[PDB]
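Okay, here we've got a single chain as structure tokens, the form deposited in one PDB entry, with questions on binding and movement later.
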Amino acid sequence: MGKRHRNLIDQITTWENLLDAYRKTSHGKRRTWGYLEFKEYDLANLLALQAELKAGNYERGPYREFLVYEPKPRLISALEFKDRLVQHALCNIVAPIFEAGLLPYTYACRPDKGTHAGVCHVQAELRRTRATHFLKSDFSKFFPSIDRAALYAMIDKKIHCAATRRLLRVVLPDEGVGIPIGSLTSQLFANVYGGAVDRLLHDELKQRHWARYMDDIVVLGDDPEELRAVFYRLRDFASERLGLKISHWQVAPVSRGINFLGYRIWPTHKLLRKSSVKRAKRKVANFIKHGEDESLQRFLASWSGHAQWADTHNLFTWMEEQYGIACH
């Protein structure tokens, strides 16, 4: 929008925005100690947040230290409602001006550039271009490797408002190499950060058939040594510029399948990854032999949404044949 963006802290703290941030922060969380302690004097709290942000006295409270293991441990320390609300009030004005720069193919944390728009983008861009090959990569410990420093050169070629910038830097200190995973600010700022790779794919390297979902980056080709090139160029970039180590990569033929986004995406079929299946299979089987065949209908309905995209007709028939339950 003429570039710049030299007064976002005025829009971040507009009451009309903090109320959106409030409704977004409470969305779903309207049953949490954070919402319910905030909801009490909600608009007097947003008036001391507005005026903490409009001042600049906003300081992000303790990341409530807790984690989920799932042998992929992320320290997903929570944030106060107040802090998730400030983040939502940032990422209501700050997010559209970063997520607009995001090349269309960054199918991560963007409005309606979802997981499923991603698997569909990949499949689609796999059909068209008739990708004979594909590079899939992935960033080691992405969020705990975002330079949080060369991030704030991207968050700073696009904020220009030196109080949004200082609110961004409270919500996320410019001092680190580690974006806190599980922060609206950080999905964005990691999308933004890994958006630097999407500009080294699409801009430099001129890869026009790719998809990035946060840290995973599919790059369909046609010469798989041009994608090992692309990949080498992508890794060298994201290591030297972004401090992102690439955990896994492959330049698999489109034939191995693009394990994108908890899927597996041939030009042909988009089978969710077999771990989703196994979880679900086991979840169903457990539910059956737990007498919990009524919350299983809730899980089923939900999983059918995660799988309505995927080519899970055969799988849905199979699960209906094994247990009877109405999948779709």
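Numbers follow the displayed sequence, beginning with 1.
There is another form of this protein, the form deposited in another entry, and it is not shown here; the text below is about that form.
A hinge is where C-alphas change from fitting one rigid part better to fitting the other better; between the shown form and the other one, that place among 195, 30, 273, 51 is 273. Cα-Cα spacing of residue 305 to residue 265 is enlarged in that other deposited form versus the present form (difference of at least 3 Å). The Cα-Cα distance between residue 260 and residue 314 is shortened by 3 Å or more in that other deposited form relative to the form shown here.
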